[PDB]
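The first chain written gets the first letter, and so on, giving A, B, C, D, E, F, G, H and I; residue counts start at 1 in each chain.
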Amino acid sequence: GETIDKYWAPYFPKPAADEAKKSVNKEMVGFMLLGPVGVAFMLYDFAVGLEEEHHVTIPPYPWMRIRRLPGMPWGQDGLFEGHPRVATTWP
Amino acid sequence: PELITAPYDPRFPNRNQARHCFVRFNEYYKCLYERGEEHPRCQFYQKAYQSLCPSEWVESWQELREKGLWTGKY
Amino acid sequence: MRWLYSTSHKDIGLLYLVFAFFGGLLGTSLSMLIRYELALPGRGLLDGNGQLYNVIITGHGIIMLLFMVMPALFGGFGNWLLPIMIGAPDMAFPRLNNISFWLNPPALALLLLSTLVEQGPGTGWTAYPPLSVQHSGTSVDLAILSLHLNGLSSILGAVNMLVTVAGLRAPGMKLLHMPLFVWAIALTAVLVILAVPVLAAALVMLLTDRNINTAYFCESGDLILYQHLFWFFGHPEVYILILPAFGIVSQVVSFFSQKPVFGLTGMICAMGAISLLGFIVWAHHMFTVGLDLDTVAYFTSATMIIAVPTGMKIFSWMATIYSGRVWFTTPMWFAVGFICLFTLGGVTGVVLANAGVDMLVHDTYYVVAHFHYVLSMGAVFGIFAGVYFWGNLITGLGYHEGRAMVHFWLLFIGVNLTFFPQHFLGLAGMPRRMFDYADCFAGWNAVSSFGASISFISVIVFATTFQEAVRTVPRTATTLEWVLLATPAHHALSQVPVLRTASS
Amino acid sequence: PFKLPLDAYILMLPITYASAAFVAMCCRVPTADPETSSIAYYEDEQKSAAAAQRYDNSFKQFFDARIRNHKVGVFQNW
Amino acid sequence: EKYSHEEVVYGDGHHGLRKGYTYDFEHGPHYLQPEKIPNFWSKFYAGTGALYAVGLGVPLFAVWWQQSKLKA
Amino acid sequence: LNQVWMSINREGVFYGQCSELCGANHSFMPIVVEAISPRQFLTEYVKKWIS
Amino acid sequence: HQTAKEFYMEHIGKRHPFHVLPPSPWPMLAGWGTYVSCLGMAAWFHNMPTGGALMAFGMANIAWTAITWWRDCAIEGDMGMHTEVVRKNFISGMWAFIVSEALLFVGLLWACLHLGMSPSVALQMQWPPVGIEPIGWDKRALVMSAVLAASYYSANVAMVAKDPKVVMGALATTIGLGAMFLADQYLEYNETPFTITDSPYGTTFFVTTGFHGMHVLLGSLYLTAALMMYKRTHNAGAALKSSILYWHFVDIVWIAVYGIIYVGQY
Amino acid sequence: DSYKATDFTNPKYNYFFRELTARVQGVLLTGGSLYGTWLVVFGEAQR
Amino acid sequence: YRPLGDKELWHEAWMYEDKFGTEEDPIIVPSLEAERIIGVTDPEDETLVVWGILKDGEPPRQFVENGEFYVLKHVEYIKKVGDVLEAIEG
């Protein structure tokens, strides 16, 4: 009950209850302007996720799949890369 | 006797002249596609890129053309 | 326990100073191999191993730039002196001040351990790709991780300094009554915060090029972008290392002239103008890389404007000594030697700032002579000026005056006869970072190698200057650290001093 | 923090000049010839030559008369 | 006791000489008292000699290490 | 592809080195330029490279 | 111990409003943990065995020491050691740290602007390179923009509110909207038709967005640690304000990242 | 009367967080540093 | 006292006094110990600062030329003026 924060408390006054609620309403107007619609579209996007497919193979251009060192520190393909898309045959 | 080299292209003003090399190399094959093979302008473009581009760059560009990895239309 | 778990700024500053002395010993040792290989044409003690020579110059340049000057000035004198000088009882974040130190022995250990791995990191202190990428193995990664840790140390220290200045000042003391050392340290902290993370970003790009097969500086990337980012860091870096030297020279010159500093607001505006212009002239290190003529034109015209505030500072130091009551001791000589020999290093920078002249002397020993003037006469003299000035306050030991003058004269003879012939070598066309040269360059290289031995012997004699101290009682001073006892207590400023304005 | 001394405005004139030159240099680069992400920019030879010659002439045309007069030095060394 | 929040916050209220110190550095008038360490000048010169030896001998060892690797 | 425009006033043999750090043998890449008259260049030297 | 608080009041507390710390062991352990994790990271780059394990061991040691340090800071904040001037010092320190991180992001986006605007002959002077399919702005990135703007406004709600329930709800809403940003970024990283080794476009995109996502994660963990301290005492002090400032900084960084990479195709 | 067992900053948890970790982590970093030094020095890179 | 507007409430005033210290009427500086460092500016130049040490039981002391005289007094509490006496507002 004799803490430093309480000891120096009267020398650092707070800068001066319904105005707080008015400010909360003012900020919540901008919150609800973009809040529910983004959550709704993101919850739609979580269910239209890894179901579509792409079969566009990419020719092995010199700027594609740089291998200045052999492989990667974790393995052969890239991280987070389920399906490589650059042609490994080329033809 | 007089020696003929690549002329100054106003389109390429910087000290790095790699783009002048590339555009002349591409204008040669565009001339070859459009205006025949023995047109004087195509020979002008050929001597123009041969005068600017290093031989290693050119041979890398024909191996990319032969492998099919050239992004030009023609 | 005391030196491992400390939260006091005075113990941490002393630890920084001892660390910086160790780094200076390492870079002195690495520099006798450079001068002992270069003494004669042909092959010396390195047996013609060029990769080992590149490793030696890279490690030596990095060590002397980052583990000697910055831990001595910014970390050593700033941490010990700033809270006493502004009247703060401690730092704003006392445990952040201990991690700002303790990230430096890991970085030094990584840098020294990269030399024993594979063939070492022979790239230069700038570490340009694709030479840094082409190095196979582990050494370059250890070197860049060492630079990352040292940059984190610097950023944490700068944050702690900037908050300690702004919020723990003595009552009544505004931003008009702080000494110029405090102003220099604050501006150095601002420069560190604005400049070091760009280097960190460039180094992360270098690791992703080396180990993740990315395309930053590569076949399909742009290698000039590395030089842009690195020198956008690196030109603020050399001003980070010289501003605390300016502050120490101001405090030393004002002390023994029995006078205040001439033009205090002009001094502060000059340091601010130096700090601001250091962020828009970085590309004078890139005149020969093939930039457009307009860019080179701007970077030529803007670099020479840095001459005006530095000249104002030098002339104000001369005006401070002017019309005073001057007593010449060992710190006063190191300041007079600073002002004399920093001017010699600064005027060659104006020559280098002109781009057409720089086409002849780029990557020659002319540049080496320039930056060993502004760093071995600018920062080393400033460091040694503070060691003899505040030494009995910091360490509790006095120094023998005769041996200190012997050390000053041996150093002054050694470093002048080392880097002055390198101007003539660089004008003639001797290139940098080479261990074998043409037969005609033998004479000035022999002279410079003779001078480096005198510099080494001067380093040896410095360890003999220390002796027992005499303690007296203070009454008055013009700065707060001279009314304290030698040594002060663990909690210096047991009561917080206040500044009272005179009444009517 | 203090009263700016009569020096500091004389410092601030070339400092403002250097800042304006830096801003103009950074601004004119995305209006230059090699900053085009296409090959079809160069197939219009009239516009590309006009743009690149305009990139040459500005900030160099101030110096053409003294380049022709060899005013390359402060003194006159023949 | 011995692990309370007050021990964390205000430290441990130790008074006097700590363990092997001959002077009180925490609460005495001087935080460094180099005239009270017994045999101080022997230890100072031994430590300075060790610092000089290591700081001048680490690059020599790194030169000898890299050249012993080639000569094999 | 960095371009340089150069015109030499007098004949002679001019020396140089490489001025960017590039490895262990950075010291040992010198440059020598031999300058001759244009009529000699266009009547004798270029006849060495006609196939 | 009982007189140690008495000694602190008599000699430090009653003289000035600033906090003086006892000796601490965590900076030394954090420094040597950085050393161990750097050795591990160097071994893990060049595919040495037991190198990734060493790097994870060092990073776990760093994280544990950082959590112990921050628990000590929260303990000292709950025994009333920090006055109002100490809390303003905390806010100023966070401002300086934010300026450092902003310059790091400026350096990161410098490379994106440089590489994207002038494609080299190695890319056959086409940006974006042929084969690379750019991620558009009229798709899931716009949903991320709306979500993160909502998180900005909800963190702005919690700064001015005085009801503890509204503050806790606004903090939880901002934390949950931040976690929805990351789980959607994971889906972008998995569905994208380019990798980090595919052109400077892929390199710059993945490095910049990865740094931004790691900052989103760190800000969300900071806001979460600020909420649990408000849950116990209904008083957070500097932990709430600094975390809201850091979250606003992340929201400001996202504006530049989106406008440069997703809109500008750089 | 202001501390629960669920509370992270409980005074009964101070020995585990502050005293045991100070020596356990102190020996773990020594062991990790020696092994990392030997691994980087005397190890062969496979990539 | 001087006007306490734009002053921090914890600054321990006496430094905000309306009195010029003379030899016959000095300024009494409170102290928690037997000695205390204070700082006096030069009356003809604000940029010049002199720090001195006052001792208990000593004659009045001047620090700068044509400046105030000061006497130290050892007290148990120093009035943190800004909430100590302007809250009293007597």
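Simple rule for what comes next: contacts are C-beta pairs under 8 Å (C-beta built on N, C-alpha and C of every residue); 3 or more make two chains touch, one makes a residue touch a chain.
Per UniProt, the chains are C = Cytochrome c oxidase subunit 1.
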Centrality ranking, top chain (CA atoms only): C
Between E-H and A-C, the pair joined by more C-beta contacts: A-C
Rounded Å distance, subunit F centre to subunit I centre (Cα mean): 81
Centroid spacing, where centroids are CA-atom means, of subunit D and subunit I in whole angstrom: 59
Whole-Å gap between the CA centroids of subunit B and subunit I: 85
Residues within subunit B bordering two or more other chains: 14-16, 18-19, 21
Per-residue overlap in subunit E, given as positions that touch at least 2 other chains: 4-5, 7-8
Two or more partner chains touched - positions in subunit I: 8, 10, 32
Subunit B partner contacts - residues on subunit C that touch it in the complex: 290-293
Partner subunit G, residues of subunit B touching it in the complex: 18-19, 21-22, 70-71
Subunit A partner contacts - residues on subunit H that touch it in the complex: 47
Subunit A-facing residues of subunit B, complex: 64, 67-69
Complex contact set, residues of subunit G against subunit D: 116-119, 124-127
